[PDB]
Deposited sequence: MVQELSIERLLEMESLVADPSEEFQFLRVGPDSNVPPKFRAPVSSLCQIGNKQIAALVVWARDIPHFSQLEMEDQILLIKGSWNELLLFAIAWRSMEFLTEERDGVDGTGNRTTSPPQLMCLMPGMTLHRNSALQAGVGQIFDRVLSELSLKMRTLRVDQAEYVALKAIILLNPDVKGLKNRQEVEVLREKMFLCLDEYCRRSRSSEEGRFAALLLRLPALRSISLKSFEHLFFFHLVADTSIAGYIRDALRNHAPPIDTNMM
């Protein structure tokens, strides 16, 4: 029995998952309105998303007191957070590729080996989402000087959402999110004592992340890239069958 804290969540970032089992959360599918010329690139990007979705489930599973939740609720929390947690990780990685400290940012870190260029997003018609990710999230967190402790705490608050529809034990999810609110306020008060609006400033990025996440689904569903009928089952099988994370000493 361990305590849900920022210190434990920081240790969980070092753990790397073995994605030996792959689940097709995002796939091109038949009769795709994606032009065939760009169909192979979109499929590649979907397989990259699926890998990061799989590593996201392994991370959520080892969060303290997350396994003690009902398996129905564990599926619902990951089902309603994977898109927002993906964009939040993309924005966190994209902070390094920012221009300077009047041209808009041009690079976005899909993955450590990936940068999606702004012109490619404009051709795909997702340039508006592209810029919001880099401005409302990446650039704002650089201005807010967000460290990894606050970043991993916001990740837990995004996942542990008691307002998820269909939960069996809502109040069990509340206690975990309420504990993360206490951990976040304590870190903001001892580190940056002068900044008294930082606790709200960090949390004000979550509504911005939601609006961006919902807009991504509109493009994802318009191109029939999501298999929503099978996502709930993939998380169930990933929570049970995926191997424990590898550790870096």
Legend entry - Deposited positions lacking CA coordinates: 1, 103-113, 262-263
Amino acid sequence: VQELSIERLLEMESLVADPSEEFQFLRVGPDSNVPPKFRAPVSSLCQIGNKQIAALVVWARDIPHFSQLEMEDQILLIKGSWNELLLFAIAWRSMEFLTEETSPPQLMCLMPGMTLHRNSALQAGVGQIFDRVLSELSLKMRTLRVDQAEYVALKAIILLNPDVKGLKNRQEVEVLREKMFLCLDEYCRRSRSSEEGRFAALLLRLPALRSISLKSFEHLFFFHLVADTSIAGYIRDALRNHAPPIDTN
From here on, numbers count along this sequence of modelled residues.
Inset, instruction - Look up the CA B-factors in the entry and say which stretch, 84-92 or 138-146, has the higher mean. - result: 138-146
Inset, instruction - Could you check which stretch, 193-201 or 179-187, carries the larger mean CA temperature factor in the entry? - result: 193-201
Inset, instruction - Comparing against every modelled residue in the chain, figure out the third that the C-alpha B-factor of residue 164 lands in (lowest, middle or highest). - result: lowest
Legend entry - Chain-relative CA temperature factor third for residue 37: highest
Inset, instruction - Going by the recorded CA B-factors, say which third of the chain residue 209 sits in, lowest, middle or highest. - result: lowest
Inset, instruction - Within this chain's modelled residues, let me know which third the CA B factor of residue 114 belongs to: lowest, middle or highest. - result: highest
Legend entry - Chain-relative CA temperature factor third for residue 26: middle
